[PDB]
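Beneath this line is the structure, given in structure tokens, with notes to follow.
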Amino acid sequence: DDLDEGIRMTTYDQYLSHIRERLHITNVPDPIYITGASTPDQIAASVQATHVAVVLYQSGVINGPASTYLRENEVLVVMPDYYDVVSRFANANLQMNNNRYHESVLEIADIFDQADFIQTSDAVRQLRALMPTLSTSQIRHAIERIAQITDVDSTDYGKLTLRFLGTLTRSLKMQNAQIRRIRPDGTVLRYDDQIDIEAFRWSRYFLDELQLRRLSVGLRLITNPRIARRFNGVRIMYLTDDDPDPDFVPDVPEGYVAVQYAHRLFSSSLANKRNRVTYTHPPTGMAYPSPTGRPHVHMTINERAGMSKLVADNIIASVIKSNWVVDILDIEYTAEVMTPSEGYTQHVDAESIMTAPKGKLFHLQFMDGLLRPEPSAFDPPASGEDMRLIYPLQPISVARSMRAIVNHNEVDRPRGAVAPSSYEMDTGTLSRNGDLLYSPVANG
Amino acid sequence: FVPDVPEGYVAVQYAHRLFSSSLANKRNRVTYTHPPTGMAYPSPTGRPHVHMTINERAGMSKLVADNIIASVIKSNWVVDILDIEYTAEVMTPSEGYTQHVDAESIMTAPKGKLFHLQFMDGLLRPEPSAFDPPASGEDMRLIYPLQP
Amino acid sequence: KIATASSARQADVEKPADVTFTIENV
Amino acid sequence: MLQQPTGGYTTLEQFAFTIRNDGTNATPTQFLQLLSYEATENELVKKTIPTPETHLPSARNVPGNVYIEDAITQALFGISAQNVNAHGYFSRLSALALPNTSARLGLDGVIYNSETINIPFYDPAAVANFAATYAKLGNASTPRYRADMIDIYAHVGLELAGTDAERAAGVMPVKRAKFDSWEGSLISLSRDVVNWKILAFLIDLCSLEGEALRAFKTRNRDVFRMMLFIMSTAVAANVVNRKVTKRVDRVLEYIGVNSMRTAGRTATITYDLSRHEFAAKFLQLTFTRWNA
Amino acid sequence: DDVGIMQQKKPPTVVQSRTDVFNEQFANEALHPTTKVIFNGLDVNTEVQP
Amino acid sequence: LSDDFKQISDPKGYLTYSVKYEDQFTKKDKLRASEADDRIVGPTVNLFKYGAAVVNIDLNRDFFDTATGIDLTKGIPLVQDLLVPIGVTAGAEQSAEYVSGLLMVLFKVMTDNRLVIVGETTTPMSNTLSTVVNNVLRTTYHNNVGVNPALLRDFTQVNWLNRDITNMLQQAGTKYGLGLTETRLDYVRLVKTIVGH
Amino acid sequence: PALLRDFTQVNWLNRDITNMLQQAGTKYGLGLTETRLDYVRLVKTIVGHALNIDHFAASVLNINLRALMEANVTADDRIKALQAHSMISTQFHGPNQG
Amino acid sequence: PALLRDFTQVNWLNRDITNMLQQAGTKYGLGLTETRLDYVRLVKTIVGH
């Protein structure tokens, strides 16, 4: 089975947050629990009744044929929790297995046919993922900031102006909030078109229909790869500056052994009448006091914080004298991509890269040395070697459209030149509903 | 202490013919061509381990000298310069090195010049206190005697 | 003379819509 | 997606290789007839070609459509080629080497990361067979993996100038090539060759097996010999005109001996050391495939 | 492909002169490309040939 | 009436091309070209002059202005005091400033109430245009034609570029156009007439 | 004169010139034209232009440029001439010999 | 002391601390452990740090 293929399943909290209220609002019976005594025909009856391919989990060991039915019709099982999930299924294959799941986002549009009750997409989830865990006080701050950008007076908002208790502050957080009638008991009643007004059935994140329309475009812009230019991680490595392209990441050579960085690895140790910052190498446990003579290591550094200066310096020394490759995944940076004539207006010490604050954005520059003309045949030889340490871990130049608009040999293309993408130029056409479209490819 | 040549090295007599300016990646380079295989090596980093023996050192280009010493540093060449004559003063650790000899002069001087190398004898160096945190540096010696 | 880099980006020219008094059609 | 014909893609008229000959069209074989050789005292001897390193360059994802055909053909034949050892292109080639990649190699000689239905492309099985070996060009510069730039040209000589008896013996006298020729005959030849879709010739070289492969090697021997001819001029120690009667005969001493010449000249295309690394690696790979 | 004419912008050039003995340390190493000559005064190609 | 929309002409996009040239490169062969063709193809052939080392597609800084609190100077939106630690000053160059930036992009696009009105427009007489452009042009165009690489066809000296662009435009899957084009909304009234450009 | 075609008011002239140019035996041209020497290097690139120039002078400029093209003098020739005029066993270390 | 974890140069200390912290029986924390709000105002009243 392919990675898309398998048995879809989501945690209850996810189900409750999203699919359930939509089920209530669309007037369908609550989807059935699956005891494992459950017949596949029962599940089909339920998926008929709910107009959604969902079932809630109930109790241990789902029977085989019902499970095969869950797989064939892409029914979304809703697990109370993910612990020991495989025990819940009777896999005759014994092929179902923990850590064989593929976690992924799933748009609500994919499971609901009722288009009116769906506004956003995978995009907003993907953007919430970039966001820090948010205190309610931080949320209020964010809101008030957005307000001041838009010039509104948000004073006393989310507050109580009591005469005797003074001003008080309630939380402004209300993800997926709905207007619902409550019982005098204070508990919520399920929305009833019979008495509650129709405008109330589904608050659309409290936005105008137009703002939702634009919101879709914007979510498409924000999740677009070209705009995403806050790069993560740097690979430190000691090579001659050969490759012209900015997006270069040197390959790790065949003999290297990956080693997760940990404070445990480096230790002060006596060696030849002094206290070398010895590094013991985990495959063999051999201790190497000198930066030189250490085995080729591809040391990943997940967390720069708490690294000793003697140790940061020792790692970089090992990068040079023993040719270590040192990925440093904790760095977030923006990259300007300088042309050869503008050189390197900014310069960075290894010490700064090994000791930047964990949240601050570094600003690296990278040469695109492609537009650099051949040396005169009589220029004096360069005895010494140009050398380079810092590299991107993933591609930069995601924003690039064109490159090297100059001829090579007056006809032949330069290696590394890039023509603009074809999609820049398809002044397509409107769809019958006024959406933009690319021109049809082939026919019809 | 005269360091031994590591097992993988190959002896190569110096000759002016072994070095030459050559275009590489958009830059002229003091290319070294290795006589056992003939392959050119535009940069000091890639070169095969070489126990180069410079019998003469006269006539040699200064770029070629900077390139060989770069090769010692980068490709770990072991280069033995036979022409050099020198006095050598052994030093106590307390004394330190009162004065140094740049590789620039060892590689580019008239044949008759008498260098004066220094050598610390480390036998009486103080042992560090058991607890004191390591220093950041690493001491290095680039030039060595061929004879006791 | 020395080699030199330079940069350029397409300018905005968006303007509030003109209030013409003439009309195109009858 | 193009189906690969049982005779290989080279059987298609779409991929025909044809140099100009004082401006007229000609099959490579009928240009190679014009070649004539004067033997000298030196004797080329083909050493066994070292088996190529198994280590492919990492299959890193890269932005853009890598133009791998133009890259390779320029690095071998194009005048003053540049950045021939830059790694990204061969990283995408290694990406083509993978068993179920989304990358496709179009007949244009470009690699597209999309499924791209609009552009015709070689069968992925074939290009995986081809990338699995030719992506190794990406380690052409890395010192651990560098090809012999000197002895390998012996093979070039043997496959070009070599008489069938000399190819049997595995040794031939070093030869001085010559031919009746036009003004910039060597540059013009290299231009005629750098426009060749040699990805077809190589993909057929790697994917074809058994009798189909062998028949391909006899059918396409003269093409390979022409590419060998362009390289051999790039590394010929010296190249000159000789005025016999009214005719001018171009001459290249010597076939099969890489001079490691790097400085450019009027007569022929010229390898910088990086192009020597590349071409030597290309030869090690291509001859290892050519001999099987 | 044309040989450059205007004076090009070259990377900064460290000149770590190397003596009989020295204490190499690599804190404050430059990370951007940076040429590393060993001898002082390499401009030895002085006999110009018209 | 409520001012529900901001009527404007010759609209700003959310994205703009931005280019770096190495200025030593310059084709010796100056390209005299038609006057009317240079007022269409012109801003492009200047934006992608010979020697453009790189052409990026950035957020339009002129649109996502400092008025929205965004700074696009470092290539990502960066908004100053949205997501912040409380009880301490946030510090400079925080990475959260990027996430805040996307919100302010997402916000500013959510509330772009611009409504295009046709701006000043030329109707070139067609014999006055080289055919590659005349095939692209559709009757009329705004004088601020703006930039598009498809315009470089048969104009840029840089041959591989013209060959590859002509190679794209000649495929069925892509087909560039400019100015007045027929649309389903043509002739529709709303005080004035709707048109498609 | 071939330029006068469809320009000169003088009708017999335009008729006779158009009559010549439309015959196979003559075919006028101007500016950049492909030639066997295209792409050839000699510091810069050689190119062919169809000039308005007499065939004698054009012939001489051709033989000059081709003289320089075939001359193939290099730096090694200079270091050899240098070595001849310098004290025995003097060493030269110039550019690439080629 | 638990804050010295992965933050002190003294290796054995940080190992022993990391060990005690990786025991099931012990678990350090710092900050707002709990929050009781009013049943009517809905504002927070008694926090537990």
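By convention in this document, the chains of the structure tokens carry letters A, B, ... by their order, each chain's residues are numbered from 1, and ligands are numbered from 1 in the order they are shown.
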Set out as a tab-separated table a contact list for chain E and chain C with a cut-off of 9 Å, giving each residue of chain E that qualifies its closest atom pair and distance in Å to one decimal, counting only C-alpha atoms, ordered by chain and rising residue number.
residue	atom	partner	partner_atom	distance
E:5	CA	C:1	CA	8.6
E:6	CA	C:2	CA	5.1
E:7	CA	C:2	CA	4.7
E:8	CA	C:3	CA	5.7
E:9	CA	C:3	CA	7.1
Only N, CA and C atoms, please: the residues just picked out, written as a short mmCIF file (atom, residue, chain, number, x, y, z; two decimals), in the first residue's frame.
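Result file is again-v9.cif:
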data_model
loop_
_atom_site.label_atom_id
_atom_site.label_comp_id
_atom_site.auth_asym_id
_atom_site.auth_seq_id
_atom_site.Cartn_x
_atom_site.Cartn_y
_atom_site.Cartn_z
N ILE E 5 37.59 42.55 -17.81
CA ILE E 5 38.47 43.68 -18.05
C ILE E 5 38.48 44.68 -16.91
N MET E 6 37.29 45.11 -16.50
CA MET E 6 37.16 46.02 -15.36
C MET E 6 37.69 45.26 -14.16
N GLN E 7 38.30 45.96 -13.22
CA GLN E 7 38.85 45.28 -12.05
C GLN E 7 37.72 44.62 -11.25
N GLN E 8 37.74 43.29 -11.17
CA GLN E 8 36.71 42.54 -10.47
C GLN E 8 36.85 42.59 -8.94
N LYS E 9 35.72 42.39 -8.26
CA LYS E 9 35.68 42.38 -6.80
C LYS E 9 36.12 41.03 -6.21
#
Which polymer residues have any atom within 12 Å of an atom of residue 75 (chain D), counting only C-alpha atoms, with same-chain residues fewer than 2 positions away left out, as number ranges by chain?
A: 412-415; D: 68-73, 77-86, 137, 140, 190, 193-194, 227, 230-231, 234, 269-282
Report the residues of chain C whose backbone DSSP state falls under strand (DSSP E or B), written as number ranges by chain.
C: 2, 5-9, 15-16
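Residues in contact with residue 44 (chain F) at 9 Å, where only C-alpha atoms are counted and same-chain residues fewer than 3 positions away are skipped, are listed as residues 10 of chain C; 40, 41, 47, 48, 49, 145, 146, 147, 148, 149, 151 and 152 of chain F.
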Using only C-alpha atoms, what table do you get, as JSON lines, when you list each residue of chain E with an atom no more than 12 Å from chain D, its nearest pair of atoms, and their distance in Å rounded to one decimal, rows by chain then rising number?
{"residue": "E:1", "atom": "CA", "partner": "D:80", "partner_atom": "CA", "distance": 6.2}
{"residue": "E:2", "atom": "CA", "partner": "D:80", "partner_atom": "CA", "distance": 8.8}
{"residue": "E:3", "atom": "CA", "partner": "D:80", "partner_atom": "CA", "distance": 10.4}
May I have the selected residues written with C-alpha atoms, as a PDB file, in the first residue's frame?
ATOM      1  CA  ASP E   1      32.977  33.565 -21.291  1.00  0.00           C
ATOM      2  CA  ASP E   2      34.871  36.713 -22.281  1.00  0.00           C
ATOM      3  CA  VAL E   3      37.962  37.505 -20.227  1.00  0.00           C
TER       4      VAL E   3
END
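For chain E, the residues having at least one atom no farther than 10 Å from chain G, when counting only C-alpha atoms, are residues 1, 2, 3, 44, 45, 46, 47, 48, 49 and 50 of chain E.
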Keeping N, CA and C atoms, export the residues of the selection given above as a PDB file, in the first residue's frame.
ATOM      1  N   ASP E   1      31.783  34.326 -20.930  1.00  0.00           N
ATOM      2  CA  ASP E   1      32.977  33.565 -21.291  1.00  0.00           C
ATOM      3  C   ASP E   1      34.150  34.487 -21.596  1.00  0.00           C
ATOM      4  N   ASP E   2      33.843  35.735 -21.939  1.00  0.00           N
ATOM      5  CA  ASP E   2      34.871  36.713 -22.281  1.00  0.00           C
ATOM      6  C   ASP E   2      35.736  37.007 -21.070  1.00  0.00           C
ATOM      7  N   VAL E   3      37.036  37.157 -21.297  1.00  0.00           N
ATOM      8  CA  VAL E   3      37.962  37.505 -20.227  1.00  0.00           C
ATOM      9  C   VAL E   3      37.621  38.884 -19.656  1.00  0.00           C
ATOM     10  N   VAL E  44      55.411  38.685  -7.576  1.00  0.00           N
ATOM     11  CA  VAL E  44      56.754  38.452  -8.086  1.00  0.00           C
ATOM     12  C   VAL E  44      56.862  38.489  -9.608  1.00  0.00           C
ATOM     13  N   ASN E  45      55.725  38.453 -10.302  1.00  0.00           N
ATOM     14  CA  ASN E  45      55.729  38.516 -11.765  1.00  0.00           C
ATOM     15  C   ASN E  45      55.826  39.957 -12.248  1.00  0.00           C
ATOM     16  N   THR E  46      57.043  40.483 -12.236  1.00  0.00           N
ATOM     17  CA  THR E  46      57.271  41.899 -12.452  1.00  0.00           C
ATOM     18  C   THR E  46      57.877  42.216 -13.813  1.00  0.00           C
ATOM     19  N   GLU E  47      58.498  41.232 -14.455  1.00  0.00           N
ATOM     20  CA  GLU E  47      59.120  41.513 -15.745  1.00  0.00           C
ATOM     21  C   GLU E  47      58.068  41.475 -16.849  1.00  0.00           C
ATOM     22  N   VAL E  48      57.455  42.629 -17.091  1.00  0.00           N
ATOM     23  CA  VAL E  48      56.430  42.766 -18.121  1.00  0.00           C
ATOM     24  C   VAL E  48      56.986  42.588 -19.541  1.00  0.00           C
ATOM     25  N   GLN E  49      56.207  41.939 -20.402  1.00  0.00           N
ATOM     26  CA  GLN E  49      56.668  41.586 -21.743  1.00  0.00           C
ATOM     27  C   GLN E  49      55.781  42.142 -22.852  1.00  0.00           C
ATOM     28  N   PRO E  50      56.165  43.298 -23.406  1.00  0.00           N
ATOM     29  CA  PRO E  50      55.363  43.987 -24.419  1.00  0.00           C
ATOM     30  C   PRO E  50      55.219  43.147 -25.682  1.00  0.00           C
TER      31      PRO E  50
END
Measure the distance from CA of residue 178 (chain A) to CA of residue 82 (chain A) in Å and round it to one decimal.
28.4 Å
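Of the listed residues (D:28, D:120, D:99, D:210), D:120 comes nearest to chain F; the distances count only C-alpha atoms.
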A straight line from CA of residue 175 (chain D) to CA of residue 260 (chain D) spans 17.3 Å
Write out as a VMD selection string which residues come within 12 Å of region 180-197 of chain F when counting only C-alpha atoms, dropping same-chain ones fewer than 6 positions away.
(chain A and resid 427 to 436) or (chain C and resid 23 to 25) or (chain F and resid 9 to 11 115 to 119 121 to 123 136 to 142 145)
Next, write the just-selected residues to a file, as a tab-separated table (two decimals), in the first residue's frame, keeping N, CA, C and O atoms as the atom set.
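In the end it all went to selection-v9.tsv:
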chain	number	residue	atom	x	y	z
A	427	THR	N	-1.27	34.07	-19.69
A	427	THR	CA	-2.43	34.92	-19.47
A	427	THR	C	-3.59	34.04	-19.84
A	427	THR	O	-4.02	34.02	-20.99
A	428	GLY	N	-4.09	33.30	-18.86
A	428	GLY	CA	-4.96	32.19	-19.17
A	428	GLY	C	-6.31	32.64	-19.67
A	428	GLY	O	-6.46	33.06	-20.81
A	429	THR	N	-7.30	32.54	-18.79
A	429	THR	CA	-8.65	32.96	-19.09
A	429	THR	C	-9.45	32.85	-17.80
A	429	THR	O	-9.01	32.22	-16.84
A	430	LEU	N	-10.60	33.50	-17.76
A	430	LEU	CA	-11.52	33.29	-16.66
A	430	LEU	C	-12.35	32.00	-16.80
A	430	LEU	O	-12.64	31.56	-17.91
A	431	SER	N	-12.71	31.39	-15.67
A	431	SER	CA	-13.61	30.24	-15.68
A	431	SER	C	-15.03	30.76	-15.75
A	431	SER	O	-15.24	31.97	-15.63
A	432	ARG	N	-16.00	29.87	-15.93
A	432	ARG	CA	-17.39	30.30	-16.12
A	432	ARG	C	-17.93	31.03	-14.89
A	432	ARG	O	-18.93	31.75	-14.97
A	433	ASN	N	-17.27	30.84	-13.75
A	433	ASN	CA	-17.63	31.55	-12.53
A	433	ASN	C	-16.71	32.72	-12.20
A	433	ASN	O	-16.82	33.33	-11.14
A	434	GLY	N	-15.80	33.04	-13.12
A	434	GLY	CA	-14.89	34.16	-12.92
A	434	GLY	C	-13.57	33.91	-12.20
A	434	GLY	O	-12.83	34.86	-11.92
A	435	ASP	N	-13.27	32.66	-11.89
A	435	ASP	CA	-11.95	32.33	-11.35
A	435	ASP	C	-10.91	32.36	-12.47
A	435	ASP	O	-11.25	32.15	-13.64
A	436	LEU	N	-9.66	32.68	-12.12
A	436	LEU	CA	-8.54	32.60	-13.07
A	436	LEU	C	-8.08	31.17	-13.37
A	436	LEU	O	-8.08	30.31	-12.49
C	23	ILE	N	-18.02	61.48	-21.86
C	23	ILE	CA	-18.52	60.10	-21.96
C	23	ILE	C	-18.24	59.46	-23.33
C	23	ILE	O	-18.30	60.13	-24.36
C	24	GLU	N	-17.92	58.17	-23.32
C	24	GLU	CA	-17.50	57.45	-24.53
C	24	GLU	C	-18.65	57.10	-25.48
C	24	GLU	O	-18.46	57.09	-26.70
C	25	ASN	N	-19.82	56.80	-24.93
C	25	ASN	CA	-20.93	56.27	-25.70
C	25	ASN	C	-22.13	57.17	-25.60
C	25	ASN	O	-22.20	58.02	-24.72
F	9	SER	N	-6.68	52.87	-10.56
F	9	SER	CA	-6.32	52.50	-11.92
F	9	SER	C	-4.89	52.00	-11.99
F	9	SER	O	-4.04	52.44	-11.20
F	10	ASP	N	-4.63	51.09	-12.93
F	10	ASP	CA	-3.29	50.52	-13.12
F	10	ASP	C	-2.73	49.89	-11.83
F	10	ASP	O	-1.70	50.32	-11.33
F	11	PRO	N	-3.41	48.84	-11.32
F	11	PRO	CA	-3.26	48.30	-9.96
F	11	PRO	C	-1.89	47.71	-9.58
F	11	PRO	O	-1.22	47.11	-10.42
F	115	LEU	N	-10.81	48.26	-6.46
F	115	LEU	CA	-11.66	47.92	-7.59
F	115	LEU	C	-11.05	48.62	-8.79
F	115	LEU	O	-11.02	49.84	-8.84
F	116	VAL	N	-10.52	47.86	-9.75
F	116	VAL	CA	-9.87	48.50	-10.88
F	116	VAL	C	-10.82	49.24	-11.81
F	116	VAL	O	-11.87	48.73	-12.20
F	117	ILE	N	-10.42	50.44	-12.19
F	117	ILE	CA	-11.06	51.22	-13.23
F	117	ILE	C	-10.01	51.26	-14.33
F	117	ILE	O	-8.81	51.32	-14.03
F	118	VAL	N	-10.42	51.18	-15.59
F	118	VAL	CA	-9.43	51.23	-16.67
F	118	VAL	C	-8.70	52.57	-16.67
F	118	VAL	O	-9.32	53.63	-16.56
F	119	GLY	N	-7.38	52.51	-16.78
F	119	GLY	CA	-6.55	53.69	-16.78
F	119	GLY	C	-6.29	54.18	-18.18
F	119	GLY	O	-6.98	53.77	-19.12
F	121	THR	N	-4.95	54.44	-21.80
F	121	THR	CA	-4.79	53.28	-22.67
F	121	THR	C	-4.43	53.67	-24.09
F	121	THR	O	-5.00	54.59	-24.65
F	122	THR	N	-3.48	52.95	-24.67
F	122	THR	CA	-3.11	53.15	-26.05
F	122	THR	C	-3.80	52.12	-26.93
F	122	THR	O	-4.19	51.06	-26.45
F	123	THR	N	-3.99	52.45	-28.19
F	123	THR	CA	-4.50	51.52	-29.18
F	123	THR	C	-3.59	51.59	-30.39
F	123	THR	O	-3.91	52.24	-31.38
F	136	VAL	N	0.73	39.20	-29.37
F	136	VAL	CA	0.50	39.24	-27.93
F	136	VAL	C	-0.57	40.27	-27.58
F	136	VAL	O	-1.52	39.98	-26.85
F	137	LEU	N	-0.43	41.47	-28.14
F	137	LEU	CA	-1.32	42.59	-27.86
F	137	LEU	C	-2.71	42.32	-28.41
F	137	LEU	O	-2.87	41.77	-29.50
F	138	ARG	N	-3.72	42.72	-27.64
F	138	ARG	CA	-5.11	42.51	-28.02
F	138	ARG	C	-5.82	43.86	-28.10
F	138	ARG	O	-6.47	44.27	-27.13
F	139	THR	N	-5.69	44.53	-29.24
F	139	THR	CA	-6.33	45.82	-29.50
F	139	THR	C	-5.74	47.01	-28.72
F	139	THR	O	-5.26	47.98	-29.32
F	140	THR	N	-5.76	46.91	-27.40
F	140	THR	CA	-5.55	48.04	-26.50
F	140	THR	C	-4.75	47.56	-25.30
F	140	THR	O	-4.71	46.37	-25.03
F	141	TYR	N	-4.11	48.48	-24.58
F	141	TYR	CA	-3.38	48.13	-23.37
F	141	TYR	C	-3.20	49.38	-22.51
F	141	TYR	O	-3.24	50.49	-23.03
F	142	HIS	N	-3.03	49.22	-21.20
F	142	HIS	CA	-2.72	50.38	-20.36
F	142	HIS	C	-1.31	50.86	-20.63
F	142	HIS	O	-0.41	50.04	-20.82
F	145	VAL	N	2.12	49.28	-18.95
F	145	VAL	CA	1.98	47.89	-19.33
F	145	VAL	C	2.53	46.97	-18.28
F	145	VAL	O	2.11	45.83	-18.15
Quick one: pick out all helix (DSSP H, G or I) residues within region 43-166 of chain F from a backbone DSSP run and write them as a PyMOL selection string.
chain F and resi 43-47+66-68+96-110+131-136+149-152+159-166
Can I get the selection written as a PDB file, in the first residue's frame, with C-alpha atoms?
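Result file follows (out06.pdb):
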ATOM      1  CA  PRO F  43       9.636  48.540 -19.170  1.00  0.00           C
ATOM      2  CA  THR F  44      10.345  44.812 -19.438  1.00  0.00           C
ATOM      3  CA  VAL F  45      13.462  45.072 -21.596  1.00  0.00           C
ATOM      4  CA  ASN F  46      14.749  47.634 -19.146  1.00  0.00           C
ATOM      5  CA  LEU F  47      13.900  45.523 -16.109  1.00  0.00           C
ATOM      6  CA  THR F  66       4.995  50.221   6.322  1.00  0.00           C
ATOM      7  CA  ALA F  67       1.432  51.458   6.906  1.00  0.00           C
ATOM      8  CA  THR F  68       0.503  47.795   7.415  1.00  0.00           C
ATOM      9  CA  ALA F  96       8.368  35.525  15.218  1.00  0.00           C
ATOM     10  CA  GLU F  97       8.432  38.843  13.400  1.00  0.00           C
ATOM     11  CA  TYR F  98       8.170  36.707  10.265  1.00  0.00           C
ATOM     12  CA  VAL F  99       5.071  34.836  11.381  1.00  0.00           C
ATOM     13  CA  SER F 100       3.557  38.155  12.457  1.00  0.00           C
ATOM     14  CA  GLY F 101       4.487  39.318   8.986  1.00  0.00           C
ATOM     15  CA  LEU F 102       2.490  36.600   7.300  1.00  0.00           C
ATOM     16  CA  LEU F 103      -0.530  37.543   9.368  1.00  0.00           C
ATOM     17  CA  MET F 104      -0.201  41.128   8.263  1.00  0.00           C
ATOM     18  CA  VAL F 105       0.141  39.931   4.700  1.00  0.00           C
ATOM     19  CA  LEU F 106      -2.829  37.639   5.188  1.00  0.00           C
ATOM     20  CA  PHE F 107      -4.666  40.473   6.794  1.00  0.00           C
ATOM     21  CA  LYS F 108      -3.829  43.089   4.165  1.00  0.00           C
ATOM     22  CA  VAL F 109      -4.920  40.796   1.345  1.00  0.00           C
ATOM     23  CA  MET F 110      -8.082  39.855   3.231  1.00  0.00           C
ATOM     24  CA  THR F 131       4.466  40.875 -35.209  1.00  0.00           C
ATOM     25  CA  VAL F 132       5.590  38.989 -32.125  1.00  0.00           C
ATOM     26  CA  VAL F 133       4.157  41.805 -30.015  1.00  0.00           C
ATOM     27  CA  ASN F 134       1.140  42.348 -32.197  1.00  0.00           C
ATOM     28  CA  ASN F 135       0.237  38.684 -31.675  1.00  0.00           C
ATOM     29  CA  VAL F 136       0.502  39.244 -27.928  1.00  0.00           C
ATOM     30  CA  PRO F 149       9.138  38.019 -19.341  1.00  0.00           C
ATOM     31  CA  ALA F 150       6.963  36.936 -22.274  1.00  0.00           C
ATOM     32  CA  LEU F 151       7.576  40.405 -23.648  1.00  0.00           C
ATOM     33  CA  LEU F 152      11.321  39.676 -24.001  1.00  0.00           C
ATOM     34  CA  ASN F 159      19.809  34.347 -27.118  1.00  0.00           C
ATOM     35  CA  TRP F 160      19.161  31.340 -24.900  1.00  0.00           C
ATOM     36  CA  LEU F 161      16.528  33.357 -23.175  1.00  0.00           C
ATOM     37  CA  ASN F 162      14.735  34.301 -26.354  1.00  0.00           C
ATOM     38  CA  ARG F 163      15.025  30.747 -27.601  1.00  0.00           C
ATOM     39  CA  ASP F 164      13.603  29.244 -24.417  1.00  0.00           C
ATOM     40  CA  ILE F 165      10.823  31.828 -24.087  1.00  0.00           C
ATOM     41  CA  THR F 166       9.890  31.463 -27.746  1.00  0.00           C
TER      42      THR F 166
END
Can you pull out every residue within 9 Å of residue 169 (chain F), counting only C-alpha atoms, but drop anything in the same chain fewer than 6 positions away, and send it as a PyMOL selection string?
(chain A and resi 422+425-426) or (chain F and resi 150+153+175-176)
May I have the residues within 8 Å of residue 285 (chain D) as a list in words, using only C-alpha atoms and disregarding those fewer than 5 positions away in the same chain?
residues 52, 133 and 134 of chain D
Which residues of chain A are close to chain E, meaning at most 9 Å apart when you count only C-alpha atoms, and how do they look as a PyMOL selection string?
chain A and resi 236+240-241+309+312-314+316-317+320+340-344+346-352+365-366+372-377+380+382-390+407-410+414
I need the chosen residues saved as a CSV table (one decimal), in the first residue's frame, with C-alpha atoms.
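Saved the output as out.csv:
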chain,number,residue,atom,x,y,z
A,236,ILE,CA,29.3,24.2,8.4
A,240,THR,CA,37.2,25.5,-1.4
A,241,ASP,CA,34.6,27.9,-2.8
A,309,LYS,CA,32.7,28.3,24.1
A,312,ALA,CA,32.0,25.5,20.1
A,313,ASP,CA,35.5,26.6,19.2
A,314,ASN,CA,36.6,22.9,19.4
A,316,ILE,CA,34.8,24.4,14.5
A,317,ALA,CA,38.4,23.5,14.9
A,320,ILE,CA,38.8,22.4,9.9
A,340,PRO,CA,29.8,38.8,-7.7
A,341,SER,CA,30.4,42.5,-8.2
A,342,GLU,CA,28.7,43.4,-4.9
A,343,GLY,CA,30.8,40.9,-3.0
A,344,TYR,CA,30.1,40.4,0.7
A,346,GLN,CA,28.3,41.4,5.6
A,347,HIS,CA,30.9,39.1,7.3
A,348,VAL,CA,30.3,36.6,10.1
A,349,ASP,CA,32.6,35.0,12.6
A,350,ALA,CA,32.2,31.3,13.4
A,351,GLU,CA,31.8,32.5,17.0
A,352,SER,CA,28.6,34.4,16.1
A,365,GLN,CA,24.6,36.4,2.3
A,366,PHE,CA,25.4,34.0,-0.5
A,372,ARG,CA,31.9,36.0,-13.1
A,373,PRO,CA,34.0,36.3,-16.3
A,374,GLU,CA,37.2,34.2,-17.0
A,375,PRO,CA,40.6,35.5,-15.8
A,376,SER,CA,43.0,37.1,-18.3
A,377,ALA,CA,45.4,34.5,-19.5
A,380,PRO,CA,49.5,35.7,-11.9
A,382,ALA,CA,46.7,32.1,-7.3
A,383,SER,CA,48.9,30.1,-4.9
A,384,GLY,CA,46.6,29.9,-1.9
A,385,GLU,CA,43.1,28.5,-1.7
A,386,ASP,CA,39.8,30.4,-1.4
A,387,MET,CA,37.9,28.6,1.4
A,388,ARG,CA,34.4,28.6,2.6
A,389,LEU,CA,32.6,27.4,5.7
A,390,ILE,CA,28.9,28.3,5.8
A,407,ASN,CA,25.1,35.1,-23.5
A,408,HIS,CA,27.7,32.4,-23.3
A,409,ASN,CA,29.8,32.3,-26.4
A,410,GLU,CA,27.2,34.6,-28.0
A,414,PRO,CA,25.5,29.6,-19.5
